[PDB]
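Down below is the structure, laid out as structure tokens.
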Amino acid sequence: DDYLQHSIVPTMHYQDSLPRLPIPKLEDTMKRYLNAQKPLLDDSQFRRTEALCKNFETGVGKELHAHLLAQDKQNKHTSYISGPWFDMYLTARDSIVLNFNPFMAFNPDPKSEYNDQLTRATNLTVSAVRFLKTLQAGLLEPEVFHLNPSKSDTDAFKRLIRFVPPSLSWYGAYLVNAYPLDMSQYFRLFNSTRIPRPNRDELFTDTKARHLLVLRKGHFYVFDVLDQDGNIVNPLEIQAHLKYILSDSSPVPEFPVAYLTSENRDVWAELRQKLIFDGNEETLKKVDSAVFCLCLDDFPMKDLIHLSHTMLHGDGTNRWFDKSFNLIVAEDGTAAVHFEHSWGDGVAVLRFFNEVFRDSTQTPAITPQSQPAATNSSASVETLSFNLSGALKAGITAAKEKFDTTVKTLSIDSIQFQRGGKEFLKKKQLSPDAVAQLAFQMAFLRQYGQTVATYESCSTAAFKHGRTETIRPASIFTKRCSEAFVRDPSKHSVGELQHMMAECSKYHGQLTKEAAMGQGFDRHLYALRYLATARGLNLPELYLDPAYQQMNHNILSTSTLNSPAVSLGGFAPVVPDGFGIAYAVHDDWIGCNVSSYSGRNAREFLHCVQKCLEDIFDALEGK
Ligand SMILES: CCCCCCCCCCCCCCNC(=O)N[C@H](CC(=O)[O-])C[N+](C)(C)C
């Protein structure tokens with residue numbers, strides 16, 4: 001068949017009974033806000049801020065809340081944050097490249113021969129299309145967070161929950177300590193893209209389109225991956241259609257149209273609507289509706305940094321960044337997924353990324369031998385064609401240039417801490433995640449001598465339309481403990497260090513649990529900002545306060561994911577003077593992939609994270 005999973009529970013079965021993302025009560029949010037400020041502000045700054053939190057709490061804030069609560073009661077079908085969060089993304093007129101689009105890189109196939117470009121591109125293309133198919137058939141297994149997997153992730157429970165109506169189904173998984181997740185982002189995984197428009201950019205989806213977009217050397221191609229019936233095209237045809245694209249020797253155009261998608265969003269809004277007026281709507285549509293986009297780079301990876309630059313921005317000529325995502329397969333068969341962020345938060349992407357890796361490696365659709373089907377590529381494979389006015393050649397060349405400027409400012413490097421990872425730390429009764437967040441803080445203070453506003457991403461996906469809440473790793477405990485380890489490593493005794501690390505580990509876990517539960521502060525205060533501005537009042541004075549802006553100016557921005565399908569991943573820093581830390585804590589090692597601009601140094605900040613981790617373990621080993 002053409003499904004890569006065969007679930008008896010329909011994929012969307014729990015969507016109707018997901019609980020609502022709770023709104024915290026306001027007193028808490030302010031406490032939580034001020035707790036987060038405590039390690040960063042000095043004395044008088046803290047005083048100032050607190051005065052404001054009092055004003056806001058019983059003044060304007062109290063009234064915004066009254067209203068955010070009543071509006072939420074009137075909109076039970078959704079979460080109170082979704083709309084204002086989609087807008088966070090869509091209204092940002094900055095480039096999406098670096099500022100929003102991240103990557104994650106696949107591991108190779110274990111079987112050497114299968115890492116050939118033609119083979120691999122074909123199989124990945126085919127699994128992806130298999131996945132779409134199975135999603136559509138409702139035969140993908142619902143996303144669930146299991147506390148007791150050997151209890152609830154069993155045919156036995158599935159065989160049973162399946163008869164429970166969607167309007168009550170979430171309670172059956174609840175009573176077994178299992179947590180179904182929101183899965184609405186998934187309808188935008190395929191045949192979908194971001195359209196630049198003035199003010200709010202807009203998300204486009206077309207469900208009928210049966211075709212793959214492929215970018216080689218700047219040239220646009222399309223061909224069919226799904227036939228008249230809705231069945232996957234013959235692997236060996238697809239293989240042939242790709243082989244024949246891999247042949248074409250026309251070099252890189254004087255105007256690769258793929259630069260317009262890295263521009264400022266108003267510049268590109270307008271240029272896009274000029275391409276329209278100059279007669280390209282129809283060809284834009286062909287680009288806009290493609291299930292996804294397959295980028296076939298024609299160079300090999302020299303190393304990890306190279307791979308990272310390549311997967312994160314590339315050269316500019318060879319990625320439609322507006323697309324829901326991009327499947328990149330290079331010459332040594334290194335592959336990845338680079339994705340636009342407005343439509344989704346990448347639990348979905350990890351799910352897709354995971355199914356696709358499994359299926360393509362354990363169930364290749366073709367083999368490094370397979371003889372390509374006899375067929376007429378030139379008639380099946382369309383080569384796209386644009387009408388490029390003077391003004392549009394002008395804007396393509398301006399996009400090339402603004403692109404290449406920025407890309408020279410970025411510098412990424414990595415570490416592979418091999419003295420142990422998750423095992424050892426869980427033995428010492430410590431949250432492995434916090435130990436890592438601890439290495440960061442400590443590494444920074446060891447190198448720049450400050451304590452800066454830190455962002456950790458956490459999922460609120462167990463609620464309806466749930467997205468992310470923010471963990472605030474930089475706490476009073478993390479400050480004290482970091483001072484201890486760095487200024488006066490000798491004024492404190494061994495067990496005395498061990499105690500502080502437990503303080504951190506502890507407080508951290510209280511945040512991680514509250515975050516996931518809707519119970520942090522950032523989304524709340526933001527949802528309150530949005531509603532002022534939206535009813536047309538002035539900004540309230542809490543958000544004007546310098547300290548508020550400083551809190552939301554994340555010098556360290558961090559994110560992690562565990563999968564045996566991922567080799568590494570990455571994202572730009574989120575501010576001009578900041579860090580992009582992608583990290584993963586494995587059984588026996590800790591990996592980081594760190595990005596920075598000109599005002600900061602990565603390689604060096606990684607030498608500190610190494611040492612910070614060495615001292616961490618030694619302290620834990622009673623040295
Ligand atoms: C060699 C060492 C191995 C490194 C492995 C790193 C593991 C992969 C982690 C990279 C994940 C990148 C995509 C996930 N995106 C994501 O979390 N976006 C965040 C979304 C949000 O917080 O709302 C934004 N941000 C990155 C700024 C925190």
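Residues are referred to by chain and number: the chain letter is A, B, ... according to the order shown in the structure tokens, the number counts from 1 in that chain, and ligands are numbered separately from 1 in the order shown.
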Problem - Contacts of region 404-409 of chain A within 12 Å, only C-alpha atoms, excl. fewer than 4 positions in-chain, as number ranges by chain - result: A: 95, 97-99, 259, 262-263, 309-310, 312-317, 397-400, 572-573, 576-577, 595-601
Exercise for the section: Give the residue list for ligand 1 at 6 Å, counting only C-alpha atoms and all ligand atoms, as a PyMOL selection string, sorted by chain and then by residue number. Expected result: chain A and resi 102-104+345-346+414-416+457+468+557-561+568-570+582-584+591-593
Quick one: write out the picked residues with N, CA, C and O atoms as an mmCIF file, in the first residue's frame?
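Saved file selection.cif follows:
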data_model
loop_
_atom_site.group_PDB
_atom_site.id
_atom_site.type_symbol
_atom_site.label_atom_id
_atom_site.label_comp_id
_atom_site.auth_asym_id
_atom_site.auth_seq_id
_atom_site.Cartn_x
_atom_site.Cartn_y
_atom_site.Cartn_z
ATOM 1 N N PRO A 102 14.261 27.922 11.140
ATOM 2 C CA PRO A 102 15.266 27.007 11.660
ATOM 3 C C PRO A 102 15.488 25.748 10.816
ATOM 4 O O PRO A 102 14.709 25.470 9.930
ATOM 5 N N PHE A 103 16.564 25.009 11.085
ATOM 6 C CA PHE A 103 16.733 23.698 10.473
ATOM 7 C C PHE A 103 16.903 22.579 11.477
ATOM 8 O O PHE A 103 17.186 22.823 12.646
ATOM 9 N N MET A 104 16.693 21.356 11.008
ATOM 10 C CA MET A 104 17.254 20.165 11.656
ATOM 11 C C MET A 104 17.739 19.155 10.593
ATOM 12 O O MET A 104 17.073 18.904 9.590
ATOM 13 N N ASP A 345 4.724 25.013 15.199
ATOM 14 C CA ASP A 345 5.766 25.077 16.219
ATOM 15 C C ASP A 345 6.760 23.929 16.247
ATOM 16 O O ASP A 345 7.615 23.909 17.116
ATOM 17 N N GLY A 346 6.638 22.966 15.347
ATOM 18 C CA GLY A 346 7.669 21.952 15.204
ATOM 19 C C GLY A 346 7.665 20.815 16.206
ATOM 20 O O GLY A 346 8.704 20.194 16.478
ATOM 21 N N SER A 414 30.009 24.144 17.015
ATOM 22 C CA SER A 414 29.386 23.060 17.764
ATOM 23 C C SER A 414 30.300 22.415 18.811
ATOM 24 O O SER A 414 31.512 22.558 18.743
ATOM 25 N N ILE A 415 29.707 21.714 19.787
ATOM 26 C CA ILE A 415 30.454 20.901 20.766
ATOM 27 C C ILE A 415 29.792 19.563 20.994
ATOM 28 O O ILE A 415 28.577 19.430 20.874
ATOM 29 N N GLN A 416 30.614 18.579 21.342
ATOM 30 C CA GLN A 416 30.178 17.213 21.565
ATOM 31 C C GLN A 416 30.760 16.767 22.909
ATOM 32 O O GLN A 416 31.787 16.084 22.944
ATOM 33 N N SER A 457 12.331 27.528 25.203
ATOM 34 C CA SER A 457 11.053 27.168 24.618
ATOM 35 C C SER A 457 10.505 25.881 25.221
ATOM 36 O O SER A 457 11.264 24.908 25.413
ATOM 37 N N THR A 468 3.470 27.598 22.196
ATOM 38 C CA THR A 468 4.487 27.488 23.251
ATOM 39 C C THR A 468 4.339 28.529 24.342
ATOM 40 O O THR A 468 3.980 29.646 24.051
ATOM 41 N N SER A 557 18.920 32.666 23.568
ATOM 42 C CA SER A 557 17.724 31.983 23.127
ATOM 43 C C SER A 557 18.087 30.512 22.851
ATOM 44 O O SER A 557 19.033 30.228 22.097
ATOM 45 N N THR A 558 17.315 29.599 23.457
ATOM 46 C CA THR A 558 17.628 28.177 23.516
ATOM 47 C C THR A 558 16.418 27.323 23.205
ATOM 48 O O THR A 558 15.295 27.721 23.461
ATOM 49 N N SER A 559 16.683 26.113 22.719
ATOM 50 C CA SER A 559 15.684 25.148 22.275
ATOM 51 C C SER A 559 16.309 23.759 22.139
ATOM 52 O O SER A 559 17.416 23.622 21.574
ATOM 53 N N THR A 560 15.610 22.730 22.633
ATOM 54 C CA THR A 560 16.083 21.338 22.466
ATOM 55 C C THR A 560 15.036 20.358 21.931
ATOM 56 O O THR A 560 13.837 20.613 22.046
ATOM 57 N N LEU A 561 15.525 19.254 21.346
ATOM 58 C CA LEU A 561 14.739 18.142 20.785
ATOM 59 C C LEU A 561 15.566 16.855 20.824
ATOM 60 O O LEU A 561 16.745 16.846 20.449
ATOM 61 N N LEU A 568 22.076 16.986 13.899
ATOM 62 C CA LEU A 568 22.094 18.292 14.561
ATOM 63 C C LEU A 568 20.982 19.173 14.029
ATOM 64 O O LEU A 568 20.301 18.781 13.101
ATOM 65 N N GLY A 569 20.807 20.344 14.644
ATOM 66 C CA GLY A 569 19.925 21.412 14.167
ATOM 67 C C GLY A 569 20.433 22.790 14.589
ATOM 68 O O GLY A 569 21.465 22.905 15.267
ATOM 69 N N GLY A 570 19.708 23.835 14.200
ATOM 70 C CA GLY A 570 20.135 25.214 14.445
ATOM 71 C C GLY A 570 19.105 26.300 14.140
ATOM 72 O O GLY A 570 18.086 26.050 13.483
ATOM 73 N N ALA A 582 21.021 25.700 20.046
ATOM 74 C CA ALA A 582 20.305 24.459 19.887
ATOM 75 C C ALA A 582 21.145 23.448 20.616
ATOM 76 O O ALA A 582 22.367 23.392 20.425
ATOM 77 N N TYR A 583 20.498 22.673 21.481
ATOM 78 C CA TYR A 583 21.203 21.724 22.328
ATOM 79 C C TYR A 583 20.430 20.415 22.471
ATOM 80 O O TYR A 583 19.213 20.385 22.320
ATOM 81 N N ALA A 584 21.155 19.328 22.723
ATOM 82 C CA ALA A 584 20.529 18.024 22.971
ATOM 83 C C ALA A 584 21.319 17.196 23.971
ATOM 84 O O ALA A 584 22.520 16.944 23.789
ATOM 85 N N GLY A 591 25.209 17.656 23.280
ATOM 86 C CA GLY A 591 25.528 18.397 22.060
ATOM 87 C C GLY A 591 24.930 19.795 21.975
ATOM 88 O O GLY A 591 23.757 20.012 22.319
ATOM 89 N N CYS A 592 25.745 20.744 21.521
ATOM 90 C CA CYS A 592 25.304 22.114 21.286
ATOM 91 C C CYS A 592 25.677 22.556 19.893
ATOM 92 O O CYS A 592 26.669 22.117 19.338
ATOM 93 N N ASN A 593 24.853 23.408 19.311
ATOM 94 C CA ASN A 593 25.145 23.990 18.019
ATOM 95 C C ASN A 593 24.776 25.456 18.155
ATOM 96 O O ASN A 593 23.586 25.811 18.232
#
Problem - Selection near region 158-174 of chain A, 8 Å with only C-alpha atoms, sequence-local residues under 6 positions removed, as a PyMOL selection string - result: chain A and resi 8-10+13-18+152+180
How would the residues just picked look written out with C-alpha atoms as a PDB file, in the first residue's frame?
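Once written, result.pdb looks like this:
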ATOM      1  CA  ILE A   8      -7.164   2.240  14.217  1.00  0.00           C
ATOM      2  CA  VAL A   9      -7.839   5.414  16.205  1.00  0.00           C
ATOM      3  CA  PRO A  10      -8.431   8.190  13.676  1.00  0.00           C
ATOM      4  CA  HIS A  13     -10.073  11.701  17.249  1.00  0.00           C
ATOM      5  CA  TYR A  14      -9.105  13.772  20.361  1.00  0.00           C
ATOM      6  CA  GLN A  15      -9.139  17.213  18.761  1.00  0.00           C
ATOM      7  CA  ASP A  16     -12.685  17.930  19.900  1.00  0.00           C
ATOM      8  CA  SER A  17     -12.144  17.369  23.676  1.00  0.00           C
ATOM      9  CA  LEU A  18      -8.732  18.983  24.310  1.00  0.00           C
ATOM     10  CA  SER A 152      -1.750   3.398  27.321  1.00  0.00           C
ATOM     11  CA  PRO A 180      -3.237  13.933  23.539  1.00  0.00           C
TER      12      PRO A 180
END
Practice task
Could you give me, as a PyMOL selection string, each residue of region 186-398 of chain A that DSSP assigns to helix (DSSP H, G or I) when run on this structure's backbone?
Solution key: chain A and resi 186-188+235-245+257-259+265-289+304-312+347-362+377-380+390-398
Practice task
Work out how far apart CA of residue 3 (chain A) and CA of residue 139 (chain A) are and give it in Å to one decimal.
Solution key: 7.6 Å
Sorted by chain and rising residue number, which residues of region 321-436 of chain A lie within 9 Å of region 236-245 of chain A, and what are their closest atom pairs and distances in Å to one decimal, counting only C-alpha atoms, as a Markdown table?
| residue | atom | partner | partner_atom | distance |
| --- | --- | --- | --- | --- |
| A:365 | CA | A:236 | CA | 9.0 |
| A:366 | CA | A:236 | CA | 7.4 |
| A:370 | CA | A:236 | CA | 7.4 |
| A:371 | CA | A:236 | CA | 7.1 |
| A:372 | CA | A:236 | CA | 4.8 |
| A:373 | CA | A:236 | CA | 4.9 |
| A:374 | CA | A:237 | CA | 7.4 |
| A:375 | CA | A:237 | CA | 6.9 |
| A:376 | CA | A:241 | CA | 8.5 |
| A:377 | CA | A:241 | CA | 5.5 |
| A:378 | CA | A:244 | CA | 8.6 |
| A:380 | CA | A:241 | CA | 7.9 |
| A:381 | CA | A:241 | CA | 6.8 |
Practice task
Please give the complete set of residues from region 18-266 of chain A that DSSP, run on the backbone, assigns to strand (DSSP E), formatted as a PyMOL selection string.
Solution key: chain A and resi 103-106+144-146+178-180+192-195+202-205+211-216+219-224
Dump C-alpha atoms for the selected residues as a PDB file, in the first residue's frame?
ATOM      1  CA  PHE A 103      16.733  23.698  10.473  1.00  0.00           C
ATOM      2  CA  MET A 104      17.254  20.165  11.656  1.00  0.00           C
ATOM      3  CA  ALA A 105      19.581  17.731   9.868  1.00  0.00           C
ATOM      4  CA  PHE A 106      18.901  14.026   9.397  1.00  0.00           C
ATOM      5  CA  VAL A 144       0.087  11.679  22.674  1.00  0.00           C
ATOM      6  CA  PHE A 145       2.227  12.434  25.703  1.00  0.00           C
ATOM      7  CA  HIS A 146       2.256   9.217  27.776  1.00  0.00           C
ATOM      8  CA  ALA A 178      -2.016  10.059  28.802  1.00  0.00           C
ATOM      9  CA  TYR A 179      -2.020  13.466  27.120  1.00  0.00           C
ATOM     10  CA  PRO A 180      -3.237  13.933  23.539  1.00  0.00           C
ATOM     11  CA  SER A 192       0.968  25.476   1.832  1.00  0.00           C
ATOM     12  CA  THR A 193       2.967  28.682   1.980  1.00  0.00           C
ATOM     13  CA  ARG A 194       3.377  32.246   3.334  1.00  0.00           C
ATOM     14  CA  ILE A 195       2.170  35.073   1.024  1.00  0.00           C
ATOM     15  CA  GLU A 202      -1.318  35.731   4.895  1.00  0.00           C
ATOM     16  CA  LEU A 203      -1.185  31.874   4.947  1.00  0.00           C
ATOM     17  CA  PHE A 204      -2.197  30.025   1.774  1.00  0.00           C
ATOM     18  CA  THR A 205      -3.223  26.353   1.428  1.00  0.00           C
ATOM     19  CA  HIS A 211       2.830  18.251  -7.647  1.00  0.00           C
ATOM     20  CA  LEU A 212       6.391  18.602  -6.310  1.00  0.00           C
ATOM     21  CA  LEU A 213       8.436  21.798  -6.537  1.00  0.00           C
ATOM     22  CA  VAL A 214      12.139  21.281  -7.140  1.00  0.00           C
ATOM     23  CA  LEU A 215      14.880  23.902  -7.102  1.00  0.00           C
ATOM     24  CA  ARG A 216      18.206  23.123  -8.803  1.00  0.00           C
ATOM     25  CA  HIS A 219      15.857  26.960 -11.625  1.00  0.00           C
ATOM     26  CA  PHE A 220      12.263  26.095 -10.732  1.00  0.00           C
ATOM     27  CA  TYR A 221      10.748  22.723 -11.743  1.00  0.00           C
ATOM     28  CA  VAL A 222       7.443  20.958 -11.102  1.00  0.00           C
ATOM     29  CA  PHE A 223       6.196  17.406 -11.737  1.00  0.00           C
ATOM     30  CA  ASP A 224       3.534  15.021 -10.367  1.00  0.00           C
TER      31      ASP A 224
END
